[PDB]
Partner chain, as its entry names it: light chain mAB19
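To begin, one chain is listed below as structure tokens, in the form solved without its partner chain.
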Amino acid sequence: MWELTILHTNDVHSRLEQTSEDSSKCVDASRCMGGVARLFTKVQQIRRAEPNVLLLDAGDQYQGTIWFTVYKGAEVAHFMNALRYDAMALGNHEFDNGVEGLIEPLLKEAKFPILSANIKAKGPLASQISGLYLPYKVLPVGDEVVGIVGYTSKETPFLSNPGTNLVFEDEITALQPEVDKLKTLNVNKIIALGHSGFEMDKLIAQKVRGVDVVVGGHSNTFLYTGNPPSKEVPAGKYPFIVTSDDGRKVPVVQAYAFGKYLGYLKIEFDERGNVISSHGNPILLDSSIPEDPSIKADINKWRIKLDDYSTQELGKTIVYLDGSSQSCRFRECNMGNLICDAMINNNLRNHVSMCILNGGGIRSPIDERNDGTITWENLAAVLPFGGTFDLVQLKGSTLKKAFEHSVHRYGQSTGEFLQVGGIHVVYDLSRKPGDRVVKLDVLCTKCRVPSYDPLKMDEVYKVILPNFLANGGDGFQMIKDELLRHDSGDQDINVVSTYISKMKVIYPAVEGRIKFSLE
């Protein structure tokens, strides 16, 4: 038997420092979690104990906090290099700052292979990106070799800005010939490492002949065997077992997000590279694990430059600003109401009364226990993308279809669920998709006293929304296709920041803007 320990992270999203349990800024250091210093301690402890170890990342290191806004990936190359990651697969957020934002800060500076087998470069770009990422890497581990084959979401063109020169093939189509090539090179132990979501990961496990294990990301999937150590509810056992079409049991793993957990899988291989068994569980990187002092001091050095975004108080909150995915993708969330109220307040300076906002665009909560203080740093984790809040004119029919889209596949923690302003929507999830909106009232504009009236299909409404939605992001194709007017607006973070400074003390409530009917 030959035992391999796979350590893995995914969707770290710029949480270089330790954080609160909800992955927002660490205030009470006594109960903080994650961060690269604490992760280092845990990894080193495992490397001391186990002779055959791989530390892998399944993408989306890019984007999430002021670390990325300021260092733009240089912090990722630096601290991943310091942690001695063995390999990384490209995620969609690695393309947020174009191909040049991936090439210069990360690809040219990483000391570990960066992988994607389903990304093919064309035109002038093909010439200089050659060699900076690889379809696979064969890694020596003890007296053996392990093949790692990469993959990135085929949907990346729609999720990010990878440009016109990169082609994203179907993951299964692209993976099979690379796995077959590795098998002809006598590599009998193969890990598929990539960034497409748990559903695609299970499909890769089922269909790509020769993959022994799948390490994934993108869906922030939490898997656990037994009693979970924190608030994340398991979506399945760890590892999640898939029976392949050629009859093999293939473990599929993922480790939630934000560096809160370290994924840990032990695989028992035979001499021909068959998986005899596997077991493990994600390790909660809580305060019981000490933060490595060398890494922590280097984090404290890089932290100096970021304190310009922490010293200015924009305002105060006396309520928890719930920007969690568990709230904002399933129900009305007070962070969504705050952001929509700021959006409407900004354009009103009777003009435009309605706001829609994809809940998945709210990327972090903000805690009120830090003497209620809100800084640019706190808001930057909520709104990291540098988008704008645009003015659009829609038909009632278009809006009805958008609200049907908001809940068409409700229950999967998808970002399309809409947060609102100037709208009172009631859904009935017992009804079929496309017919779940049972009430949709909107604030009148052509009235001297604003009040709620039923939306009319043949009428025209002005809505403030992110450019992400005006461009048909999150499958809101009907908005881009059917809109009547589209005016570009102010930068998202500046809109909210200005609103918080005007109000001084905020207390946004959940107040019945979105409801679900029991009957």
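Numbering follows the first chain given and starts at 1.
Beyond what is shown, the protein has a form solved in complex with its partner chain; the following relates to that form.
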*Would you kindly say which of 276, 134, 429, 241 lies with a heavy atom within 4.5 Å of its partner chain in the bound PDB entry?*
134
*Would residue 212 count as touching its partner chain in the bound PDB entry under a 4.5 Å heavy atom rule?*
no
*residue 181 near its partner chain in the bound PDB entry, any heavy atom under 4.5 Å?*
yes
*Might residue 360 be said to contact its partner chain in the bound PDB entry, defining contact as any heavy atom within 4.5 Å?*
no
*Give a yes or no for residue 113: in the bound PDB entry, does one of its heavy atoms lie within 4.5 Å of a heavy atom belonging to its partner chain?*
yes
*Please name which of the stretches 121 to 129, 401 to 409, 384 to 392, 277 to 285 has residues with heavy atoms lying within 4.5 Å of its partner chain in the bound PDB entry.*
121 to 129
*Which residues in 256 to 291 have a heavy atom within 4.5 Å of its partner chain in the bound PDB entry?*
none
